Amino acid sequence: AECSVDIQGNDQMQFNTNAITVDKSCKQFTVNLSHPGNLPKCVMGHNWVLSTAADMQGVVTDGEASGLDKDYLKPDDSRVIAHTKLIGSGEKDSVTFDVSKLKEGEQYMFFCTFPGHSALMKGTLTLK
Ligand SMILES: [Cu+2]
């Protein structure tokens, strides 16, 4: 029925949800990210990245190393299934991905690659 969901990353380094469920009927899925708080992109920026759980660490490691002008994401990274832009306070961004590529029942992981956030800003994403 509904293939979208609005998520938030506040100035406390946290997402307002830690688990997403994609409905079996959804052929594509949308996540609209927004940033409540007062802090700037260089201090408390967030993004939304999807990858398999096993790929997370690498994606972060290389992400952080990728630097800011790169939305803390290795450019052209094959491990990234989907991702938004790194956004600062008072901003928003959205991404819509191809569900047919997802493996039903596989618990994927989504998270922010901004330095030091992933440990606390991560969660599951499962296709029902
Ligand atoms: Cu973050």
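First residue of the sequence shown: 1, per mature numbering (1 follows the signal peptide of the UniProt record, and there is no 0); consecutive thereafter. Built from N, CA and C at the ideal position, the CB exists for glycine as well.
> How far does the alpha helix (DSSP H) with residue 107 in it reach, from first residue to last?
Replying inline: Taken as a continuous stretch (DSSP letters only), residue 107 belongs to no alpha helix (DSSP H), being part of the beta strand (DSSP E) at 107-111.
>> So, for residue 38: in the same chain, excluding its five sequence neighbours on each side, which residues have a beta-carbon less than 7 Å away from its beta-carbon?
In response: 11, 89
> In whole angstroms, what separates the C-alpha of residue 70 from that of residue 123?
Replying inline: 23 Å
> Which word fits residue 84, buried or exposed, when buried means at least 16 other C-beta atoms lie within 10 angstroms of its C-beta?
Replying inline: buried
> For residue 31, which three-state DSSP category applies?
Replying inline: strand
>> Just to confirm my understanding: we take residue 63, look at its own chain, exclude 5 residues before and 5 after, and list those with CB closer than 7 Å. What are they?
In response: 72, 73, 74, 113
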